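# pasting the structure only:
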Ligand SMILES: Cc1cc2nc3c(=O)[nH]c(=O)nc-3n(C[C@H](O)[C@H](O)[C@H](O)COP(=O)(O)OP(=O)(O)OC[C@H]3O[C@@H](n4cnc5c(N)ncnc54)[C@H](O)[C@@H]3O)c2cc1C
Ligand SMILES: Cc1cc2nc3c(=O)[nH]c(=O)nc-3n(C[C@H](O)[C@H](O)[C@H](O)COP(=O)(O)OP(=O)(O)OC[C@H]3O[C@@H](n4cnc5c(N)ncnc54)[C@H](O)[C@@H]3O)c2cc1C
């Protein structure tokens, strides 16, 4: 049976995403083992729409196919989730990149590293902050992001307003407002606003800043000697022409490395409890089998790691037998469970003034800010019942705030609201959830070949139906069910209570302008503010009006207002693309990242995270891959590599 | 419909430039029309309110059984009087345009249900559907990866597009 | 001496330009000989600035290096010609492309095939029109150009005017006006102007149209299924991924073909009168020697074919010995002699009217017209003394007319004239010379390595200095010396006498507008028109005022006007990039394209043309290469290949 594609080795890494390349690179650098990478994708080093950062916004799109890279089946997998019973049963498609570099070839390029507190309070032993912060330093040094290269006065006004009201939040003694950081003290952690003001680094090495108002992010772009920016991503850095031949061999130093471009993997041939081989389909349609000697690594992303595991034989035996899996290995009913993701409701602001163009200048997107102009990361609101115990003594990251010019609601909402993108006296504010509550799971549907869409369940904004139970002991399930909608409403109020300090700051900053939230409607926010400050910590009793027993017309007003307000976060919002926690630590893998019930396979992508980090989930996956390098190799080498040693660029 | 042109294109029949572009190694016949000319129906929905104290007597025996499957008529109609897009034979032959359907309850989508202020709980409401059988828009199908049959290939279908006027005199831009 | 780069074979083709790829492709297709191509250049299949046709105009240029491809030493050779004694001693740089596909990778993509009469009256035996027209059909079928995809009313107005005045030129019995074609008869050869008017094909198979007014050209672009156009050039078609491996091997059918990407050739190692080997420098800087068994082919372009010949040993023995050539083979004092090129003086038109934007719409450049909107090809003017004998019985192509929106004079001239490119009531007309008179030559300067700039002499608009000789028999050297300046002046008058028919046509075409030539100045053209029609065929006596002996103030007026007018074609013009005739037939090679004095080398690029064709010189070089395929192979195979057999595109 003459197949000369004998690619037997000792380590096989599957999926060259944000974590696959880091591992393959630093694994062939520090040892002599024979390494193989399989990705099922070519290298888009020459594509203008990839390498140019501004191509993300559709600059190179043919006029008849104006879709960008997340909606393009030639660039990204297209999985759709089953009807969201919390969002009027609207199915959604969220992508995972299909190329060297994974989703980093198609993403927005932001570098939130996540707070310090999360890795100290939500991760297992060995994964506390002080065990990994060095790895975060390693990756941010390997990329070297940059800051915004353009000033603007709107950032100054907004930072002014936030410090103004953080002054009061510092007083009044309440301990859990959203602008209090405990690692600084009485002084607010708000960046100064004047020429020669220093810059507060969000991703600081010692994690002092978990709540801070700044002016710019750190995007993963570099400037070339010519004057043009390009994209600096995982495949760009760790796997470029200098390190790997066009035929897939490494060069000299890394001669013990093999990369196959287009090879879709199906499952893991598995003798006993010992993985022994892997098969894949090349671009004819042939099945090639390769031996594994020493270990197998799975870096296939959040959606497609549990899936390949389940086809392999690890999962729920009853289910996999039901749908027709012939070979069964380990009976873990938790594989593909506990899926987590962020979520960002959207609001926009109207400015009334004859010459407000002077106010909104220098807001357009360049390859250094990518339309991001701030503003800060906030903590828990004062009136949110779902806070951990440590909230009295440690500050947690809850909301990530973003400001952007133009309007960003969906087109149907644009038409409905009466405000369009043509006019230029409008801008958008976003209060992202980082601690988003809902949880889902992933189930395969056919044991034949890797399918683009497996069963993915994710219900977010569900409702609570009261029972005949006495009110006293049914409240603490209403709390658990209504957490996310409460969080979104509190984000709305938090953004709302900024615009008045912004009014004052603009008035005495040389601007006769007026600021106002028009989406959601003005009245529907003033009423929420009044209801909050008149009903206190028991404001959220009124989501269910049959239990408050408050038949006063004021109570009916509050119930109706919350009913209407519950509509906006369902439709006028944007599910993010930060999928994580499919095979988390403890649930499916141990703290050394090995799969329970087997001795020589590990999962090391973002699916293995036991909690979503404090922001955009790119650094985290690379950190996990980097740490996996050490755990596989045995001794810390990437650990204290000097920071001046960085991969060369080509 | 969706997966015949796709297996053809992976096989080697299609647009040689495109299949070579995305990496098809073996090419057989150069037909640039494979996967072109996709057609489908489309059914806008409307619903009716009945006002009356004992209208339950009016709406009885409308529930779905395995013999009617919630269908209660009503007929198939031809072209409207005022539709400019009719074939030449319309003067001498009758064409099928609309398929009419009546059904109890409400059938708009849930978000529209909330928006309109009328829900499915109440029982003095029913739905009428005027389906298009001669639906105009046309699309096409293109594969995206020459490896294995994928669930989602590139499918393009734009229905209710709009017309943007040009500086051309009005007289000879109407028939586009 | 261990050099494993043993690339000994029987045919070696040097330079993959507009003629190298055609030959290599169709030569490995129809035989079994071992073929090698050397180009010294990589393949720009992925570069956006190359493949996108609109990239020619600088759409992908970094803001700090805004130069396009002809001025870029990484894309094109940069030879500069010695001071032009006719153009105020202004040196000029004209480029030859440096890539697979040669100048076709950087050109404007036009497909004039040239008239029929030229190949019948100016080429040797065996190269008359009916011997090659099939080869022209072959190349135009191999490319499949397209037409303009956008109407415009300016083309209709101009064609209207030309037919109006061609009506009169048909009458009055004069035989040599510029709008008379003899293969049609009394009816003008002017394309009809209304909806459903047929299209006159300029490049018609039987060559009936040598003078004709049309509306669109044939550019070498294709439309992709997506909606984006790309560039279809020599390397794109004959040497693409489907035919050649990334390692330079051919595939299956063409397995007997080798292509080396970056290999600069120096000279031809030459045993006896028999070429035996060739050396080249790779991208280390190493010298690799390859054996030749059977024949050597030179396709290195107009500027660099005679140069490599001279370094090889063929040329003027005294000169090559003088500058230090050690090995001398054949003493041909004509190598590198007889250089020819086109030349296009420029004029622009002002339109006065309140709403002339309605007149000039739909003139912007798209990848189908590339800013070309006509207009036609004309013959000799009535009053040009330098016409061949056959002018009474055959119509010759003299001027190629072009219309374009915006202004195209050089920047210094823009400032001088007081009219800039910002304003939008102005457009350009160009009367190109196809029969341009001046001739030059090429001489190497150092026998070490191929140099970018060898001695290139080209003097165009020289002046005549009278002697003491009696006037009677010194006129017919003044004629020969003043030919090109006379031609340019007559082109000016020809364009001038169009604008009044354009006035009438616009007046009764629904337009209240006014047309006027502002560059060169209005008065300086009206005076030329009056002088022409008052002095007749002896209008050109007045270039030299010391011989006319006409001291009348009218004669002084005429002399001064011609003196001033002689300034514009010198500076306000554009030397084209159609270099040809360096090793023409008879001068340096026989009719079977072999080099005199040697048995197994040929030159087959555009340098071997014994006359410049009737238009843009791209089809001609490809035709020469195609015919060379037959002469080398011996029997006509590419001759009657069916036109439905075309190279597949990837
Ligand atoms: C639309 C979008 C927006 C984003 N925005 C941001 C942002 O603002 N900030 C930020 O920091 N990050 C952003 N990201 C990136 C994202 O948050 C993380 O970078 C992502 O989780 C990367 O983690 P990963 O490497 O584990 O996943 P991936 O990069 O998806 O790794 C999966 C890899 O495995 C391959 N693979 C999958 N299945 C198979 C199989 N069967 N066989 C072989 N190979 C396979 C895939 O092709 C891919 O190369 C965005 C991503 C997207 C898609
Ligand atoms: C600015 C510009 C504008 C043009 N505009 C038009 C137009 O409007 N219409 C039109 O029809 N054509 C146009 N052309 C194209 C031009 O008129 C012809 O296509 C050209 O003569 C091609 O002929 P060729 O193949 O013999 O020359 P080339 O294409 O130049 O062939 C020479 C080849 O040999 C290689 N070579 C040279 N020296 C060496 C060496 N020492 N060793 C190895 N390789 C070597 C070169 O890199 C190149 O690949 C334009 C070209 C340019 C540069």
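Nice, thanks for sending it over. Numbering: from 1, shown residues only, chains lettered A, B, ... in the order given. Ligands and ions are numbered 1, 2, ... in the order given.
# are stretch A:522-540 and chain B in contact anywhere?
No. Stretch A:522-540 stays clear of chain B (CB under 8 Å from any CB of the partner chain), getting no nearer than 15.5 Å. Any C-beta I mention is one placed from the backbone N, CA and C, and that applies to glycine too.
# contacts for that stretch, please.
A:383, A:385, A:482, A:486, A:489, A:492-493, A:496-497, A:516-517, A:541-542, A:557-558, A:561-562, A:564-565 (CB atoms under 8 Å, 6 or more residues apart in numbering or on different chains).
# just the buried members of the residues you listed?
Among the contacts of stretch A:522-540, those classed as buried by neighbour count (16 or more other CB atoms under 10 Å in any protein chain shown) are A:383, A:482, A:486, A:489, A:492-493, A:496, A:517, A:541-542, A:558, A:561-562, A:565.
# okay, those residues in CSV with secondary structure and distance to residue A:250 next?
Formatted as CSV, the entries for the buried ones among the contacts of stretch A:522-540 read as follows, by DSSP: H, G, I helix; E, B strand; the rest coil; distance: CB to CB, whole Å:
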residue, secondary structure, distance to residue A:250
A:383, coil, 57
A:482, helix, 54
A:486, helix, 53
A:489, helix, 54
A:492, helix, 52
A:493, helix, 55
A:496, helix, 55
A:517, strand, 55
A:541, helix, 63
A:542, helix, 63
A:558, helix, 66
A:561, helix, 63
A:562, helix, 60
A:565, helix, 57
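# quick check: the farthest pair among those residues?
A:517 and A:541 (25.4 Å; CB to CB).
# up against chain B, what does the stretch 201-350 of chain A have?
For the stretch 201-350 of chain A, the contact set with chain B under CB under 8 Å from any CB comprises A:262, A:264, A:281-285.
# if any of those residues are buried, give me the PyMOL selection for them.
Burial among those is assessed by 16+ other CB under 10 Å; the matching PyMOL selection reads:
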select buried, chain A and resi 262+264+281+282+283
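# and ligand 1, is stretch A:592-611 touching that?
Yes. Remark: stretch A:592-611 sits within contact range of ligand 1 at A:605-606, by CB under 6 Å from any ligand atom.
# how distant is that stretch from the center of its chain?
Between the centre of stretch A:592-611 and the centre of its host chain there is 20 Å, according to CA atoms, centre = their mean, to the nearest Å.
# list the buried residues of that stretch.
Buried residues in stretch A:592-611, defined by neighbour count with 16+ other CB under 10 Å: A:593-595, A:598, A:600-611.
# where's residue A:493 relative to residue B:49, distance?
For residue A:493, the distance to residue B:49 (CB to CB, to the nearest Å) stands at 38 Å.
# actually residue A:169, not the one I typed
Residue A:169 sits 52 Å away from residue B:49, going by CB to CB.
# quick check, central residue of chain A?
Nearest residue to the geometric centre of chain A (CA atoms, centre = their mean): residue A:578, 3.3 Å.
# surely that one is in contact with residue A:342?
Yes. With contacts counted by CB atoms under 8 Å, residue A:578 reaches residue A:342, the gap being 4.8 Å.
# okay, and the common contacts of the two?
Overlap between the neighbourhoods of residue A:578 and residue A:342 consists of A:612, A:617, taking contacts as CB under 8 Å, 6+ apart.
# good, wrapping up.
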